[PDB]
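Engineer: The following block contains the structure, expressed as structure tokens.
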Amino acid sequence: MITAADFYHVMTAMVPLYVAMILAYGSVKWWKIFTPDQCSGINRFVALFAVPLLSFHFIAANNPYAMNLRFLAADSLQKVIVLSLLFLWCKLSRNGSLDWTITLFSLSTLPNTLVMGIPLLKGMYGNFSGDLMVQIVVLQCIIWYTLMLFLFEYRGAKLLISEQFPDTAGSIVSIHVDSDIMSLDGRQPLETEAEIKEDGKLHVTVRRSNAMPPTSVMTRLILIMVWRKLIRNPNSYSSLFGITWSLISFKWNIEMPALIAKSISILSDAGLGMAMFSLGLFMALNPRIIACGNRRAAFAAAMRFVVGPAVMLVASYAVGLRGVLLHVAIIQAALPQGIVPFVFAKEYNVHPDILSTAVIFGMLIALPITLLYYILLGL
Amino acid sequence: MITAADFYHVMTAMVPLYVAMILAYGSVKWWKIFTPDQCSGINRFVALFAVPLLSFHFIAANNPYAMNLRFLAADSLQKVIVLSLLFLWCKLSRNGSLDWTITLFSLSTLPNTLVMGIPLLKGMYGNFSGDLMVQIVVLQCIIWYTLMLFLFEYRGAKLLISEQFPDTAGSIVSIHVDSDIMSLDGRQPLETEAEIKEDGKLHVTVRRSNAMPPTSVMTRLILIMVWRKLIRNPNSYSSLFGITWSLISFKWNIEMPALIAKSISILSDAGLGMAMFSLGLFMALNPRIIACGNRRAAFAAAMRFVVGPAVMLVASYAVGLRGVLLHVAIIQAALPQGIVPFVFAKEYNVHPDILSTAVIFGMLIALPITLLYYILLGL
Amino acid sequence: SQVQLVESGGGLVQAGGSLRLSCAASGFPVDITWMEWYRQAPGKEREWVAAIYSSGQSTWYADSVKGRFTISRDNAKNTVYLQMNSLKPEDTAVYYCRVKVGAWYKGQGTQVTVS
Amino acid sequence: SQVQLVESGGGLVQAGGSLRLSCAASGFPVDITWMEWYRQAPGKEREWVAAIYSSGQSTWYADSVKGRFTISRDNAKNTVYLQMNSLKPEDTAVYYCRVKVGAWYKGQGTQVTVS
Ligand SMILES: COc1ccc2cc([C@H](C)C(=O)O)ccc2c1
Ligand SMILES: COc1ccc2cc([C@H](C)C(=O)O)ccc2c1
């Protein structure tokens, strides 16, 4: 059984999250304080300044030489079993596309670990959960937000060739992209132009308009359209200097100086409260909470609180997590939907209405569902 | 003499202030990230949410039963000697108005104590300066931001009668103000209407337009136009519940519970960094730094770093502050100009160009001037 | 020094009569700028009716009372005379002057009531 | 399967001559939609000159070369013929076709140069 104090330590670190969210939801719909043009001011600040300085503070403090390599395998086994079955669906079925493969992947194996996952699990299983929940944040910001970034470019680099080269798609050698383009999408007019050479070689240049290929060709066009999306993303400069300092510091025992550590701790302490205040503004800019319908909003909480955790219950017997690590691995999969998988689906227009539902409706039932998993594992 | 460590403890708590300001000044003029319409989004947030929850945390922790009543007299003696001499100027000279009395008062005896004054003096004279600098913040938010609020209403309640009742100003009994009006300014058209009674009594009703009196009359019109400006100001609800909890808590030894204390500490920690980030945006919205001229910008640093501190050097021998309290009283008067005396001068249009200079130019020389006072008092 | 506004002319009458309203003033330096006449109904509302001012050849009227009521200012006696004809039965309201010496000065003294 | 665009007609000539440019195509399903002709100067720029397309009775021209150069499409031989007359001395640039089968296909083969 449990005590009544454990129920109190959850509410100590979950009530200050919802207070920072109700005051954002109230001050727009009820009292009408912020103009929705001025609402984009705070959402511009949290994406650029608060969060990339908040993720730098957790990565550069986490010890890399003592990572629990057994716990780190039973979370890289959830994201492979789910990724293997969905590619078996989009290449054998009669209606399986790739526009449904990524959306059924972000709903299952990408929780909200940084902002909400760390203070919850710290208030449930002591302080060693506060170190394990940082060891998943490092892998999300360095692997599983990068493999998913290739899957939107390959979704784009297939459409632009298959729409406009349907007949001679097999004899193209090099593809040249001008530096004006940042996203081959259809947002921009994209006058496509093809040089012709003597022996079937066919250079293709993609431009800007005014007024199947070999796999050694698609794996060059993608790597150009990822290097341009990675040196502009500010979170890629957070996790790069975070790992580099942490590999230096935890060997020669160098402590970070107080002139620099207090220079970052004045913005990083303004990061967790502002993120729940920026998320609270988002659940009032929408016209309706349930947008795409009552037949798909419950589908969001079906691929997130069931198929998410119950595939880690079978991916943990294999690796060998029992006792206390088994309970922390199951609960960290039933966390609500992250915000970074939405940010991708808003730019590339791959179902923005479903992920906009699962974030907002996921927050309102995140507390009375994970508390059910705390009780049923304690017996 | 001093050590080199004391120079280091100043830079430990002053470098994270300017880092939060250069990133705000840079991200508008240099890289052009924020739209100036979206720039009003953050300035709306700091005035309503960050600061009134930050001032509540310092007042409700400060012990009221052990206030240093000798130090609290030699700062209420600066603000009386300066206030007595300026009323001797506006009532005996040939060119002394009241529009210059208040502006020569806010430049001298109202520093920036909450945001910038507390971390500086904490890094110079131990931790007991961190308790004295809260004991002045309480008196500013409860007396010296209220006596100054009467002086702008009396500036307004004299103009509206003297413009439009020049001949029979001496026989008015009651003045009635409709609840539409929030500021008798001239911003609004203000159709003035006067009832006539039988025996020289003359009721006056001030309205909204579509398409000397006895001193027992002016002291009723003012107290209506202060009660309407005080129940809308959010800082008046911070210092009211701050003193009320602190008089209860420090007698029966009740500690504030962790469900409420951590509910406020998620926004109050986002208060000091955001205030220096909101102030850094303000020094780029202006067209020029020195606005009213090079013959009055140096006048701002003449009534703030000289006439400010040197009148407390003679208001401290009288009360009897020697030793260590004498050095802390002089340095806390040479702090740069506060932001709340600007906020008043922007609404009532009583010289907004001078106070807009003294805040921005005051921040850029605040460090190499107070450090001169640290050296010259240590010898 | 005991400034005085004097109104006269009103009373009770049946429909179709004629009344001669007045508004006498005393004790002002200028007392010209923009004078008015308006009603005050028992249904809490107030309609502005007539106006004579420094131009003299310009009268601002309403729509229902347009071109039927006579306004006249006497600059010597400091009195504005208001002649009203074909009195409609909806004249139970109080009809009084709104002299303006830079601020609006007013009285209340009539008993205009038409059955 | 080795698609081929063939250009012919160009060469070196003095001012005031006449040339007959060509653009032959083979190996496409449709190959009509909107064809072009444009210059490529040694000063890095490129001016669009002429166009014949699915309408046939509509030719988009420039301002300097307006109403002086003859464009003609042969739908049977899959070849567009370009007749140019009164050749100005600023014709050192390379003049070639820009056939469009949904995406723009192009060649480079001429040596148009006028002294
Ligand atoms: C405009 O609101 C945001 C933007 C980005 C965010 C990123 C994150 C981290 C990187 C994450 O949770 O995985 C959290 C919250 C956020 C809120
Ligand atoms: C929009 O920027 C502001 C608004 C209000 C402020 C108030 C204060 C406190 C009350 C004070 O210093 O006396 C500080 C900084 C501030 C910045």
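Engineer: Using DSSP to define loop residues, name the chymotrypsin sites (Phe, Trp or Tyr not before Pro) in segment A:26-132 whose beta-carbon has at most 10 other beta-carbon atoms within 10 Å.
Structural biologist: Answer by residue number: A:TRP30, A:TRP31, A:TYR65.
Engineer: Could you tally the net charge around D:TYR81, taking each other residue with its Cβ under 11 Å from the Cβ of D:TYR81, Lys/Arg +1 and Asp/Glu -1?
Structural biologist: Taking every other residue near D:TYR81 into account, the sum is +2.
Engineer: A follow-up question, please. Please compute the Cα-Cα pair-distance distribution of segment B:216-351 with 10 Å bins starting at 0, giving whole percents from short to long.
Structural biologist: 8, 20, 27, 33, 10, 1
Engineer: A further question follows. Nearest 0.05, what FRET efficiency do B:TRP30 and B:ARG208 give at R0 = 45 Å with Cβ-Cβ as r?
Structural biologist: About 0.50, to the nearest 0.05.
Engineer: Give me the one-decimal Kirkwood hydrodynamic radius in Å for segment B:156-230, with the sum taken over alpha-carbon pairs.
Structural biologist: It is 12.9 Å.
Engineer: Continuing with this model, one more query. Specify whether the C-alpha gyration tensor of segment A:172-293 places it in the rounded, prolate or oblate class, a ≥ b ≥ c being the square roots of the eigenvalues: rounded for a/c under 1.5, otherwise prolate if a/b is larger than b/c and oblate if not.
Structural biologist: Oblate is the answer for segment A:172-293, as a/c is 1.5 or above yet b/c matches or exceeds a/b.
Engineer: Going by average Cβ density within 10 Å per residue, which order do the peptides A:347-354, C:59-66 take, highest to lowest?
Structural biologist: The densest-packed peptide leads the list: A:347-354, C:59-66.
Engineer: Starting with the fewest neighbours, write out B:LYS122, D:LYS88, B:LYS262 ranked by other beta-carbon atoms found within 10 Å of each beta-carbon.
Structural biologist: Result, fewest neighbours first: D:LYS88, B:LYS262, B:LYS122.
Engineer: Segment B:15-37 to segment B:99-117: how many Å between their Cα centroids?
Structural biologist: Centre-to-centre distance over Cα atoms comes out at 26 Å.
Engineer: Also: Given the rotation relating B and A, tell me which residue in B puts its Cβ closest to the axis and the distance in Å.
Structural biologist: Checking which Cβ lies nearest the axis yields B:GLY41, 1.
Engineer: Another question about this same structure. How do A:130-140, D:4-14 rank on mean C-beta neighbours within 10 Å, highest first?
Structural biologist: The most tightly packed comes first, giving A:130-140, D:4-14.
Engineer: What is the Cα radius of gyration of the protein assembly as shown over 2.2 N^0.38 Å, N being its residue count?
Structural biologist: With N residues counted in the protein assembly as shown, Rg over 2.2 N^0.38 Å equals 1.32.
Engineer: If you don't mind, there's one more thing I want to ask. Mind giving me the nanometre distance, one decimal, between the label points for A:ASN349 and C:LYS77, set 7 Å out from Cα along Cα→Cβ?
Structural biologist: For A:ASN349 paired with C:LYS77, the spin-label model returns 8.2 nm.
Engineer: Which of the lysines could a cross-linker span from C:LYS100 if the Cα-Cα distance has to be under 17 Å and same-chain partners fewer than 8 positions apart are dropped?
Structural biologist: C:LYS100 reaches B:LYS197, C:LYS77.
Engineer: Using just the alpha carbons, could you tell me how many Å³ per residue the convex hull of segment B:1-72 encloses?
Structural biologist: For segment B:1-72, the hull spanned by Cα atoms encloses 172 Å³ per residue.
Engineer: I would also like to ask the following. Does segment A:30-149 come out rounded, prolate or oblate by the C-alpha gyration tensor, with a ≥ b ≥ c the root eigenvalues, rounded set by a/c under 1.5 and, if not, prolate when a/b is larger than b/c and oblate if not?
Structural biologist: oblate
Engineer: Need one number: nm distance between label points at A:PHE128 and C:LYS44, each 7 Å from Cα along Cα→Cβ, rounded to one decimal.
Structural biologist: 7.3 nm
Engineer: To continue, here is another question. Can you tally the net charge around D:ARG39? Count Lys and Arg as +1, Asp and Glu as -1, for every other residue whose Cβ sits under 10 Å from the Cβ of D:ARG39.
Structural biologist: Net charge around D:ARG39: -3.
Engineer: What spacing in nm lies between the two simple spin-label points modelled at A:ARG187 and B:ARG187, each 7 Å away from Cα in the Cβ direction?
Structural biologist: For the pair A:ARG187/B:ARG187, the computed spacing is 4.0 nm.
Engineer: Only loop residues by DSSP count here, and only those with at most 10 other Cβ atoms within 10 Å; note down the GluC sites (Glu not before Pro) in segment C:17-68 that meet that.
Structural biologist: Taking segment C:17-68 and a limit of 10 other Cβ atoms within 10 Å, the loop GluC sites (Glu not before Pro) found are C:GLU45.
Engineer: Moving on to the next point. For A:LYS79, which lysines qualify as cross-link partners when the Cα separation must be under 21 Å and same-chain residues fewer than eight apart are set aside?
Structural biologist: A:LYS79 reaches A:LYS91.
Engineer: Using a 10 Å cut-off on Cβ to Cβ distances, tally the other chain neighbours for every residue of B:262-273 and report the average as a whole number.
Structural biologist: Mean inter-chain Cβ contacts per residue within 10 Å come to 6.
Engineer: While we're on this one: Between C:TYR53 and C:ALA15, what FRET efficiency follows from the Cβ-Cβ distance if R0 is 45 Å, with the result rounded to 0.05?
Structural biologist: In this case the efficiency is close to 0.90.
Engineer: Another question, if that's okay. From the mean inverse distance of alpha carbon pairs (Kirkwood) and the Cα radius of gyration, derive Rg over Rh for chain C.
Structural biologist: Radius of gyration relative to Kirkwood radius: 0.95.
Engineer: Using the count of nearby Cβ atoms within 10 Å as a rough guide to exposure, how do B:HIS9, A:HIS57 rank from fewest to most?
Structural biologist: The fewest-first ordering by Cβ neighbours comes to B:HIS9, A:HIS57.
Engineer: Nm distances between the label at B:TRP89 and the same-position labels in the remaining copies, 7 Å along Cα→Cβ, shortest first?
Structural biologist: Copy-to-copy label distances for B:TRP89: 7.8 nm.
Engineer: Just to check, using Stokes-Einstein with a Kirkwood Rh over alpha carbon pairs, what's the diffusion coefficient of chain B at 4 °C and 1.567 mPa s in µm²/s?
Structural biologist: Calculated translational D: 56 µm²/s.
Engineer: Next question, about the same structure. Within 10 Å of each residue's Cβ, count the other Cβ atoms and sort A:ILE102, B:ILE224, D:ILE71 from fewest upward.
Structural biologist: If I rank by nearby Cβ atoms, fewest first, I get B:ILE224, D:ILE71, A:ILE102.
Engineer: Let me ask something additional. For segment A:277-324, which chymotrypsin sites (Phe, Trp or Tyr not before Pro) are both in a DSSP coil and crowded by at most 12 other Cβ atoms within 10 Å?
Structural biologist: Sparse-neighbourhood loop chymotrypsin sites (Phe, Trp or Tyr not before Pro): A:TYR317.
Engineer: In a shell of Cβ-Cβ distance under 14 Å around B:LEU85, excluding B:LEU85 itself, what net charge do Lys and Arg (+1) and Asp and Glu (-1) give?
Structural biologist: +2
Positions of Cβ are generated from backbone atoms using ideal geometry, with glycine treated the same way; all protein chains shown enter the neighbour counts. Only the coordinates and a few stated rules stand behind these numbers; no lab work does.
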